[PDB]
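Undergrad: This structure is in structure tokens; I'll ask about it shortly.
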Amino acid sequence: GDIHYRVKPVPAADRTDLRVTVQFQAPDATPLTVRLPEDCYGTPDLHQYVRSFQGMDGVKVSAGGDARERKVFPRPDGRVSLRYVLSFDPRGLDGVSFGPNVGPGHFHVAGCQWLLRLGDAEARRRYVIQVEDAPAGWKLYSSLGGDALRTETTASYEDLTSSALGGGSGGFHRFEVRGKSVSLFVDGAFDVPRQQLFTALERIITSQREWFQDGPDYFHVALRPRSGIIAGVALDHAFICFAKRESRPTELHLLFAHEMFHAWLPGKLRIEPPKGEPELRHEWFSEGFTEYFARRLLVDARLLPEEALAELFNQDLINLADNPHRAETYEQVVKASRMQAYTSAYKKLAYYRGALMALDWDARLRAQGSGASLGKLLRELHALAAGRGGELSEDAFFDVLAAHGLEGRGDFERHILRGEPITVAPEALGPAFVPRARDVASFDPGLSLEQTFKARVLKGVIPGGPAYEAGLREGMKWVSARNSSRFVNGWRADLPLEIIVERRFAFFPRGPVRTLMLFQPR
Amino acid sequence: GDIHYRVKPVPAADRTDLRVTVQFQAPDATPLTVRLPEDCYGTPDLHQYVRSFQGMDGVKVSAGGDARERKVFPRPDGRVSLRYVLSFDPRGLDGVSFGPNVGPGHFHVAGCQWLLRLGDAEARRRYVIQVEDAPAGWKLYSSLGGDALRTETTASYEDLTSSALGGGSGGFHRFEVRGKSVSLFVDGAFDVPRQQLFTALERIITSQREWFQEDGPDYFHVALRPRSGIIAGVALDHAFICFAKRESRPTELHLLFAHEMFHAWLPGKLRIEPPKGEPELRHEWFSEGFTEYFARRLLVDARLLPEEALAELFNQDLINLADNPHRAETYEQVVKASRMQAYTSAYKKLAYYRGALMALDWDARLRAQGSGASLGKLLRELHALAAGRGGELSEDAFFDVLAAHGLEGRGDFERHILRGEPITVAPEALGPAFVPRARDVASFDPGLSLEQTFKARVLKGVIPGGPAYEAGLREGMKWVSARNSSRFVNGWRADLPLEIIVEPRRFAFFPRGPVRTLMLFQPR
Ligand SMILES: [Zn+2]
Ligand SMILES: [Zn+2]
């Protein structure tokens, strides 16, 4: 059967409502049940935002089981025709990182956020989705087709939960890269001016499509506002970004350059782990290299100065040195995943490892003077993987590196399998930077952060350690803590660790100084 | 004493909050009562939008009598230091035509809408108001100074109730006219692109300044802000705020801009003074009607309005005036109606139609003399002479000027205004490209006395055989509502039926009455 969808954006005082009308053929006139959209992206109770839900041209609608269900009575011939208005709260949805994002001059909804749940979700149907009566001056962008006025998709409901439909009037830019269309949309309040976001996004995409040398016929980049986060979801033909108003240019550039890079690496260049081995085996490559490339992309596009590039790798060396699993072998990392004690530190371990390995490999390849580079080698690796569905066996991947005079297999077995420390060549950041010894204080809170949190009572306070030195003593009524998680994205080294007891205590996590070769300028 | 204000615009999900910190000295340490802002522009219970209200640097606050009050505990020396956050609901405030206008990337507040009520409202103080930690890329404005970052005014609270403070991030344009600064701000959803709005506003504003060729204010702001179902504007010294709907057409705004902002000059600096005892409405035909004429001439000169659309506006005037029940009413009768609070839309609109057609006639007659005369040249002379008497001309001086240029102004005034005689427009008044031709226009006749009907709650005055009678309406039906019923309010469409829901059935018909012949201008 065919499902016809018509969506109208109706701008309001504080939001943009979506008037949705849908028509399809049922088998006969037996009253069937339909369900209101449930958010796969985390909003609790998405049905509360359905303002009205009535039938059209004779189709009757009554109450169903709960408030997420409706009983509709099809026509004798089987036609079903319904109309419902989605009025999403902009205030409530500011806390749902990937929920619906609406505003007085824009709207964005993922497939699950506006589509109706009818029947089997695995069943395939022909979806015709149109945007009608769009306001004057607005630009639209759908993930199912290059012309959001009408898309034609044959897929299942499940497939369509990740799709996107949106529009706005706050910033639009269009350009062509290799004859293919790319559309940029920016709505919401943002410190970075619209022109700087369009230029930066234009450069990042143009660089990405140059690397791998013709792609998608249509692609959209939608920037939408949400406080307290800088996140993005990637899709086929679209990249959606929910970011806070106070986002710095580099913060958005690093995210744009990293999440869009995931469409190639590991999207079209995946290293197949051996039989039975987990997907995390090659996280150093599928995540650490992507970040390295993302950094190399910004510096090439003249968006990130080389001095900041040095501090990004310096942070990788400092963060990996403070990682408690920095020396853990494959057998230990894989055992923690089967044992589910896999904290933020474990999540970040392969990012720090893989980024520095790529920096070393590039330096080692470019020192050859034969015009080689980690990038030239990744283009060969990706072109070869095209004849195998974008995947490469472990032997085929390391065979290529060995052909370019690079000991790829030895590095992986050393640093990833055996957990041996990673050495970065000194010429990696150009001749203007040189690694010089520096002492960085290790992260020692002076108390067991987890045993305390578990028992809600200060436990294991090491006498003479930082926590002891602040006055804290073991067995104390732990109330709360702030800036104590070392490997979550917002940890700051210049800010003290706060801990509240029954009284607020603050101290820096001072510990045995270690020496690291950080990159300095000349 | 000195009152010192600090305002922080804090963007939010659906609005922009205002963190206001105020510092002033009390006469003593004895507790005093301060009351939250009340809206002079019509917002019920504006205090409900005050989220927090606390003391600062040792000053204590407590509850007071009602929700509008607060008990402030000054310091021993008398120092009072308060901080309160205004978080205005953009949804409910869309219904208040002149209430606070906020939203995700902008804010606008009138003086009364953010300032605190401290002591006597007519006591003069020195108000120093600064906008701090404003968001990056936002542009701000104030009516108390050309630099919104810090203004300084010695005025009373009452004077400051009509002041304006605002900013935004959805559109800004600045330009200079004869060395003076003008800034334009646009926020909210609007069908007309920002470039079109800025170009038109710059053209209209420049045209108005060259018309009188006087040095305008050192700073001037024009703030376009969103609000459903209305197209309104409030004129202030140093600022013109406009709250309009998203679907506003360009000409609708162009007429609003050109008309409202001309009132700075006419009657602002050129008022005809009525004789002793006479109401100020006597010259509403000159202070409103002629302003509408010059606003239309202004738009055509700036190429924002074609000449075909100018003819229609005057055709509209002829039709609207012919439908006006008070069209032939003398001045004593129209002055009798103001004293009995009967001024309705028909009355407030009578002087608009009257004065605009007279201005059109007067211009044709002046230019027919072939001596380079024109109504615009005449108004330049009148404005210049008025500058020596305070923007004010006696009736004798005003009319002496017109009679000097061969125009019998006085005669028309005591024939069309004072006596209510019908107004004749010279056929050549719209140029050789247009000709007045007789057209038959159906008179407005609901077949029912609306005014009477709305005064009671039943149907009053249904004429057996009128349009309302044939539609099915009768004498004595519980009257509930009406749509498209006010003929002289801006929104009446002769092409949409008159809707009257009685009892509860809905009667929709056309208020078509006896035919009328009028000479409308048509293209050749
Ligand atoms: Zn990633
Ligand atoms: Zn007026």
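Note on naming: chains are A, B, ... as they come in the structure tokens, residues start from 1 per chain, ligands start from 1 in the order shown.
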Would you kindly return, as a list in words, each protein, DNA or RNA residue with an atom no farther than 10 Å from any atom of residue 496 of chain B, considering only C-alpha atoms and excluding same-chain residues fewer than 2 positions away?
TA: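 Once the nearby chain positions are removed, what remains is residues 483, 484, 492, 493, 494, 498, 499, 508, 509, 510 and 511 of chain B.
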Undergrad: Near chain A, which residues of chain B fall within 12 Å when you count only C-alpha atoms, and what do they look like as a ChimeraX atom specification?
TA: /B:10-16,88-95,101-106,134-138,168-171,187-194,225-229,245-249
Undergrad: Deliver the residues from the most recent selection as a file, using C-alpha atoms, as an mmCIF file, in the first residue's frame.
TA:
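Once written, result_6.cif looks like this:
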data_model
loop_
_atom_site.group_PDB
_atom_site.id
_atom_site.type_symbol
_atom_site.label_atom_id
_atom_site.label_comp_id
_atom_site.auth_asym_id
_atom_site.auth_seq_id
_atom_site.Cartn_x
_atom_site.Cartn_y
_atom_site.Cartn_z
ATOM 1 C CA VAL B 10 20.045 36.714 28.873
ATOM 2 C CA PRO B 11 18.951 34.664 25.792
ATOM 3 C CA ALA B 12 16.895 31.565 26.543
ATOM 4 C CA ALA B 13 15.104 28.784 24.676
ATOM 5 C CA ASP B 14 11.917 30.676 23.770
ATOM 6 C CA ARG B 15 12.605 34.195 25.072
ATOM 7 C CA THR B 16 15.259 36.654 26.258
ATOM 8 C CA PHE B 88 8.373 37.474 29.695
ATOM 9 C CA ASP B 89 6.150 34.730 28.139
ATOM 10 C CA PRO B 90 6.245 35.147 24.332
ATOM 11 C CA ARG B 91 2.999 33.228 23.898
ATOM 12 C CA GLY B 92 0.660 35.230 26.053
ATOM 13 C CA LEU B 93 2.395 38.416 25.117
ATOM 14 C CA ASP B 94 1.462 37.946 21.476
ATOM 15 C CA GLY B 95 -2.074 38.922 22.467
ATOM 16 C CA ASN B 101 8.072 41.742 22.947
ATOM 17 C CA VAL B 102 10.719 39.133 23.552
ATOM 18 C CA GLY B 103 11.925 35.991 22.033
ATOM 19 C CA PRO B 104 14.976 33.823 21.370
ATOM 20 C CA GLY B 105 17.105 36.418 19.709
ATOM 21 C CA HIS B 106 15.693 39.870 20.649
ATOM 22 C CA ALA B 134 25.067 41.761 25.971
ATOM 23 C CA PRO B 135 25.277 38.868 23.650
ATOM 24 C CA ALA B 136 27.826 38.747 20.887
ATOM 25 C CA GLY B 137 26.676 40.217 17.587
ATOM 26 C CA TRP B 138 23.566 41.847 19.063
ATOM 27 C CA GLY B 168 18.332 41.896 18.628
ATOM 28 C CA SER B 169 20.140 39.620 16.318
ATOM 29 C CA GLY B 170 17.841 39.138 13.377
ATOM 30 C CA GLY B 171 18.588 42.149 11.297
ATOM 31 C CA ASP B 187 13.292 40.594 14.565
ATOM 32 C CA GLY B 188 10.702 37.847 14.287
ATOM 33 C CA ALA B 189 9.215 36.015 11.332
ATOM 34 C CA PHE B 190 8.240 38.238 8.399
ATOM 35 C CA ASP B 191 7.300 37.372 4.822
ATOM 36 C CA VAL B 192 9.029 40.497 3.480
ATOM 37 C CA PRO B 193 12.811 39.901 3.354
ATOM 38 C CA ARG B 194 15.007 42.058 5.496
ATOM 39 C CA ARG B 225 8.880 43.391 16.151
ATOM 40 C CA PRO B 226 6.462 40.478 15.672
ATOM 41 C CA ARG B 227 2.849 40.203 16.805
ATOM 42 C CA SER B 228 -0.085 38.330 15.274
ATOM 43 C CA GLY B 229 -3.186 39.975 13.911
ATOM 44 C CA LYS B 245 2.121 40.345 11.809
ATOM 45 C CA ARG B 246 4.244 37.953 9.770
ATOM 46 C CA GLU B 247 1.876 38.083 6.775
ATOM 47 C CA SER B 248 2.142 41.876 6.419
ATOM 48 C CA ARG B 249 2.287 43.052 2.809
#
Undergrad: Can you list, as a short mmCIF file (atom, residue, chain, number, x, y, z; two decimals) with N, CA and C atoms, in the first residue's frame, every protein, DNA or RNA residue that comes within 8 Å of residue 310 of chain B when you count only C-alpha atoms, leaving out same-chain residues fewer than 5 positions away?
TA:
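Ended up saving to selection.cif:
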data_model
loop_
_atom_site.label_atom_id
_atom_site.label_comp_id
_atom_site.auth_asym_id
_atom_site.auth_seq_id
_atom_site.Cartn_x
_atom_site.Cartn_y
_atom_site.Cartn_z
N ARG B 296 1.12 59.13 0.97
CA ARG B 296 0.97 58.44 -0.31
C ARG B 296 1.85 59.09 -1.38
N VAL B 300 4.92 57.20 -3.55
CA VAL B 300 5.01 57.20 -5.00
C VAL B 300 6.31 57.84 -5.46
N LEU B 305 5.45 52.75 -4.49
CA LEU B 305 4.03 52.60 -4.76
C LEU B 305 3.72 53.06 -6.18
#
Undergrad: Ligand 1: which residues are within 9 Å, counting only C-alpha atoms and all ligand atoms, as number ranges by chain?
TA: A: 255, 258-259, 261-262, 286-288, 290-291, 351
Undergrad: Pick out the residues no farther than 7 Å from ligand 2, counting only C-alpha atoms and all ligand atoms, and list them as a list in words.
TA: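 Written in the requested form, the residues are residues 259, 260, 263 and 288 of chain B.
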Undergrad: Rounded to one decimal, what separation in Å do you get between atom CA of residue 397 of chain B and atom CA of residue 273 of chain B?
TA: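 Separation between atom CA of residue 397 of chain B and atom CA of residue 273 of chain B: 10.0 Å.
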Undergrad: Could you give me, as a ChimeraX atom specification, the residues within 8 Å of residue 56 of chain B, counting only C-alpha atoms and dropping anything in the same chain fewer than 2 positions from it?
TA: /B:54,58-60,81-83
Undergrad: Separation of atom CA of residue 426 of chain B and atom CA of residue 386 of chain B, in Å?
TA: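 Those two atoms sit 28.9 Å apart.
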Undergrad: Env of segment 474-489 of chain A: 6 Å cut, atoms = only C-alpha atoms, seq-sep filter 3 positions within chain, self excluded. Answer as a list in words.
TA: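 In the requested format, the answer is residues 344, 345, 456, 457, 458, 459, 461, 497, 498, 499, 500, 501 and 502 of chain A.
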Undergrad: Mind listing the helix (DSSP H, G or I) residues of segment 197-371 of chain B, per DSSP on the backbone, as a count of residues only?
TA: 101
Undergrad: Would you pick out the contacts of residue 271 of chain B at 8 Å or less, using only C-alpha atoms, so that residues sharing its chain but fewer than 5 positions from it are not included, and give the list as a list in words?
TA: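 These residues fall inside the cut-off: residues 266, 287, 391, 392 and 393 of chain B.
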